[PDB]
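Q: fold the following and give me the result.
(one chain, ligands or ions: 1)
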Amino acid sequence: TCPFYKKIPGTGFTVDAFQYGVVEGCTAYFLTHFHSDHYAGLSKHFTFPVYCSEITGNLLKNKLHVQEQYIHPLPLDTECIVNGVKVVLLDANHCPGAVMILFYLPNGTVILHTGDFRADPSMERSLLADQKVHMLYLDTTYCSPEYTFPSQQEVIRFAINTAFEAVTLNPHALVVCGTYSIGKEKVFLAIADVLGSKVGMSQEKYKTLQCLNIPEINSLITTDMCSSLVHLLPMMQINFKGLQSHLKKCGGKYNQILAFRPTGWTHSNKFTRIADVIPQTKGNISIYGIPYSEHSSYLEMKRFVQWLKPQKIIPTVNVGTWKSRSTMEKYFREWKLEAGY
Ligand code: NI
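A: Residues are numbered from 1 along each chain as shown. Shown next is the protein structure:
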């Protein structure tokens, strides 16, 4: 059965609620983004209307085979009526196609559901500037002050400089980048661009990237592994065993691997600056863990919420323990007393 925080009061609508079977009273199912925890339950046998971005729509049709008649894509930054209710989709600064949804309820209440997001000051000049929000359904993944990490720009600067240095010293090194979902594509795209290479990958991953509306993508990626010195591999293969095994397959073209594992936050964030990050090394194989986040830091979250001044907050992440729920409520009360709403 569908939990409360996935229902939108005063509407026939749910958000990211496909794993509960037919939800009683649901006339339209919203999908914020194409990540498996959120789409869990969709397939070619789904026969209710799905509302989402154009990009999420491309992925539902091609990767999950949802039939076209049930896919309803909406443009961003545009007032749309759905089953007699005004809605707007906004860029969430998460993975490709990810949105936040503004719902303008028939009774005058305004609700923002962030989906998954990485809060940014640019959001303070979207259509959010224009009006009040009574309820905020908030991505609270990193809602605790220990969660610090650098900007995406600094993380990419580090990865580019690391890769370019290593391959310039050794033209016979291969670069490998881990992936398990959409998102974080800038890591592998930026590295390939500095090196003058296309990114090589499996047929399945190539298919997924071809759904994303990335400008000039055909110039950036390929299934021909042999032409490419930046390869993508599933994240589970990014270890000394997996990588040895991959170097065997390359037919003595390369004598060194440098690999990148994009993670979210890890505890080594609490001590080490991005500049000072070092790899794990065994022989001619090195592996860097880099903290490229597509979710708000604590400070980014706090800034957004203090700016929006919502009347009520409903967390959508870390909701399963009493201690988590209590901790989050404490921070919402400080933020409110500090800013005066
Ligand atoms: Ni996500």
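
Q: show me what from this structure comes close to the ion.
A: Residues of the chain found near the ion (CB under 5 Å from the ion) are 35, 116. All C-beta spots, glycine's among them, are computed from the backbone N, C-alpha and C.

Q: domain-wise, how is the chain divided?
A: The chain breaks down by curated CATH domains into domains covering 1-147+296-341, 148-295.

Q: make JSON lines out of those domains and add mean neighbour count.
A: Formatted as JSON lines, the domains of the chain follow (neighbours: other CB atoms under 10 Å):
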{"stretch": "domain 1-147+296-341", "mean neighbour count": "17"}
{"stretch": "domain 148-295", "mean neighbour count": "16"}
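
Q: quick one: furthest residue from the center of the chain?
A: residue 252 (36.1 Å; CA atoms, centre = their mean).

Q: doesn't it fall inside a strand?
A: No - Residue 252 sits outside any strand when classified using DSSP: H, G, I helix; E, B strand; the rest coil, being coil.

Q: quick one: residues contacting residue 55.
A: Counting by CB atoms under 8 Å, 6 or more residues apart in numbering, residue 55 touches 34, 96-97, 211-213.

Q: check those residues against the ion and report the nearest one.
A: Lowest distance from the ion to the contacts of residue 55 (CB to the ion) belongs to residue 34, with 8.6 Å.

Q: so that closest one makes contact with residue 56?
A: Yes - counting by CB atoms under 8 Å, residue 34 does reach residue 56; the two are 5.2 Å apart.

Q: quick check: neighbours shared by these two?
A: Shared contacts of residue 34 and residue 56, defined by CB under 8 Å, 6+ apart, comprise residue 97.

Q: list the contacts for whatever residue of the stretch 101-250 of the chain ends up closest to the ion?
A: Taking CB to the ion as the measure, the stretch 101-250 of the chain has residue 116 as its residue closest to the ion, at 3.6 Å. Residues near residue 116 by CB under 8 Å, 6+ apart: 32-33, 35, 38, 92, 94-95, 98, 139, 141, 294-295.

Q: need those residues in TSV (columns: distance to residue 49).
A: Output for the contacts of residue 116, formatted as TSV (distance: CB to CB, whole Å):
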residue	distance to residue 49
32	16
33	18
35	21
38	17
92	21
94	23
95	23
98	20
139	24
141	29
294	27
295	29
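
Q: relative to the ion, which of these is nearest.
A: residue 35 (3.7 Å).

Q: thought the closest one was touching residue 182?
A: Yes - using CB under 8 Å, residue 35 makes contact with residue 182 at a distance of 7.2 Å.

Q: give me the common contacts of those two.
A: The contact sets of residue 35 and residue 182 overlap at residue 95 (CB under 8 Å, 6+ apart).

Q: residue 262 falls within a strand, correct?
A: Yes - assessed by three-state DSSP, residue 262 belongs to a strand.

Q: excluding chain neighbours, what is closest to it?
A: Nearest residue to residue 262, sequence neighbours excluded (CB to CB, 6 or more residues apart in numbering): residue 292, at 4.4 Å.

Q: the one you found: what's it in contact with?
A: In this structure, residue 292 makes contact with 152, 155-156, 184, 186-187, 262-263, judged by CB under 8 Å, 6+ apart.

Q: over to residue 75?
A: Contact partners of residue 75, counting by CB under 8 Å, 6+ apart, are 54, 89.

Q: that one falls within a strand, correct?
A: No - Residue 75 is assigned coil when assessed by three-state DSSP, not a strand.

Q: quick one: the spatially closest residue to residue 173 that is not a sequence neighbour and residue 225, what's the gap?
A: Using CB to CB, 6+ apart and skipping the chain neighbours, the partner closest in space to residue 173 is residue 256 (4.0 Å). According to CB to CB, to the nearest Å, residue 256 stands 17 Å off from residue 225.

Q: wait, the residue nearest to residue 173 sits on residue 176?
A: No - using CB under 8 Å, residue 256 makes no contact with residue 176, being 10.8 Å away.

Q: surely residue 90 is within a strand?
A: Yes - when classified by three-state DSSP, residue 90 is found to be part of a strand.

Q: leaving out the residues flanking it, which one is nearest to it?
A: In this structure, residue 90 finds its nearest non-sequential neighbour in residue 100, 4.5 Å apart by CB to CB, 6+ apart.

Q: what strands flank the strand or helix carrying that neighbour, and is each parallel or antiparallel?
A: Assigned by DSSP states H and E, residue 100 belongs to strand 99-104. Strand pairing for strand 99-104, using DSSP bridges, gives strand 85-91 (antiparallel), strand 110-113 (antiparallel).

Q: including distance to residue 280, could those strands go into TSV?
A: As requested, the strands paired with strand 99-104 are exported to TSV (distance: least, CB to CB, whole Å):
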stretch	distance to residue 280
strand 85-91	35
strand 110-113	39
